[PDB]
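The listed protein sequences correspond, in order, to chains A and B.
Using UniProt numbering, you'd call the opening residue of the first sequence number 99 and step up by one each time.
Using UniProt numbering, you'd call the opening residue of the second sequence number 99 and step up by one each time.
The beta carbon of each residue, even a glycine, is placed where N, CA and C say it ideally should be.
Number of protein chains: 2
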Amino acid sequence: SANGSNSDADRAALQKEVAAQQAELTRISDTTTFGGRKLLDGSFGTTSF
Amino acid sequence: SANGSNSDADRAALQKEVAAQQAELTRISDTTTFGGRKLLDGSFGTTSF
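See the structure below:
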């Protein structure tokens with residue numbers, strides 16, 4: 099996204115690419131329901147095995 | 099019932115399991131009627147053979 103410093107006008111597409119990946123860091127953040135009480139997103143309560 | 103510390107939500111089932119076993123410690127406590135004056139539950143009067 100240096101873009102050839104200003105030469106890739108289609109950074110816009112890259113921005114969309116970025117947005118997609120950003121959404122992934124929500125999906126992976128969710129979806130890990132080992133227990134219906136999933137691992138690492140939001141609030142996990144520091145459990146004690 | 100550590101539950102993987104919080105991961106077994108179905109401790110609830112374990113709780114039921116526990117309750118059942120707790121009830122056993124009443125049934126065995128009763129049901130030992132050697133004499134109609136059973137052994138060990140409630141009040142046995144410290145007899146002298």
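- [ ] Output, in chain order, the set of chain A residues within a Cβ distance shorter than 8 Å of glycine 102/B.
- [x] Contact annotation for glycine 102/B against chain A: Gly133, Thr145, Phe147 [CB-CB distance below 8 Å, chain order].
- [ ] Might you give, ordered along the chain, the residues of its own chain that have their beta carbon closer than 7 Å to the beta carbon of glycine 140/A, omitting 5 neighbours on each side?
- [x] Short of 7 Å from the beta carbon of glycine 140/A, and not among the five residues preceding or following it, lies no beta carbon of its own chain.
- [ ] Mind checking which residues open and close the alpha helix (DSSP H) that includes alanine 107/B?
- [x] Per DSSP, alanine 107/B belongs to no alpha helix (DSSP H) and is neither H nor E.
Open item on the list: What would DSSP say about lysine 114/A, mapped onto helix, strand or coil?
Closed with: Shown here, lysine 114/A sits in a helix according to DSSP, grouped into three states.
- [ ] Determine the contact status of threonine 145/B and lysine 136/B, defining contact as a CB-CB distance below 7 Å.
- [x] In this structure, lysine 136/B does not lie closer than 7 Å to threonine 145/B by Cβ.
TODO: Give the residues of chain A in contact with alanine 107/B, contact being defined as C-beta atoms less than 8 Å apart.
DONE: The contacting residues are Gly133, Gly134, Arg135.
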